[PDB]
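J.: According to the deposited numbering, the residues represented by the sequence shown are 22 to 78, 85 to 100, 111 to 135, in order.
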Amino acid sequence: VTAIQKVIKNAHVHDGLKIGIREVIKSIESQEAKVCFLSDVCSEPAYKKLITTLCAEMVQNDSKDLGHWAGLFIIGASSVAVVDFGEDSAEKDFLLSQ
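#1: Quick check: the Cα distance between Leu133 and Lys27, rounded to an integer number of angstroms?
#2: If you check the beta carbons only, do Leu99 and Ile72 fall under 8 Å apart?
#3: Quick check on this structure: which residue in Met85, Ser126, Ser116 and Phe122 has the alpha carbon closest to the alpha carbon of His33?
#4: Are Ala67 and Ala118 touching if we call contact CB-CB under 8 Å?
#5: Using a Cβ-Cβ cut-off of 8 Å (strictly less than) and excluding sequence neighbours within five positions of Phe131, which residues of its own chain qualify?
Next up, the structure:
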């Protein structure tokens with residue numbers, strides 16, 4: 022769980038985070054979103070279904092936590118989509134391997 026925060030920070034630093042539903046969807050529909058952090062605790066789980074199917078063609088808990096991790100200082114995030122990353126080594130070699 023602590024291996025995600027670093028990645029998010031790196032993404033923030035090097036400009037490429039599609040944060041919040043529609044943007045995430047757009048990123049997915051095209052070869053840009055290289056990893057998708059979504060959530061479990063939602064409403065309707067229709068969102069979740071949409072995400073999963075799109076991925077198929085990480086999961087994780089809660090929205091507030093995601094918002095905190097994302098650039099909001111804190112409105113509900115729902116889903117994040119990372120492009121570019123911006124660095125290597127340390128805790129990216131863990132999470133990716135896992």
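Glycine residues also receive a C-beta, built at the ideal position from the N, C-alpha and C atoms.
T.: Taking the coordinates as given:
#1: As a first step, residue 133 must be located in the sequence shown, where it is residue number 96. As a first step, residue 27 must be located in the sequence shown, where it is residue number 6. Cα to Cα, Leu133 sits roughly 13 Å from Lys27.
#2: Within the sequence shown, residue 99 is the residue found at index 72, counting from 1. Within the sequence shown, residue 72 is the residue found at index 51, counting from 1. No, the Cβ-Cβ distance between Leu99 and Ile72 is not below 8 Å.
#3: As a working note, residue 33 is residue 12 in the sequence shown. Of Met85, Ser126, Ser116 and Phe122, the residue nearest in Cα terms is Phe122.
#4: Position 46 of the sequence shown holds residue 67. Position 81 of the sequence shown holds residue 118. No, the pair does not count as a contact, with Cβ atoms beyond the cut-off.
#5: Position 94 of the sequence shown, counting from 1, holds the residue named residue 131. Same-chain partners within the cutoff: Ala24.
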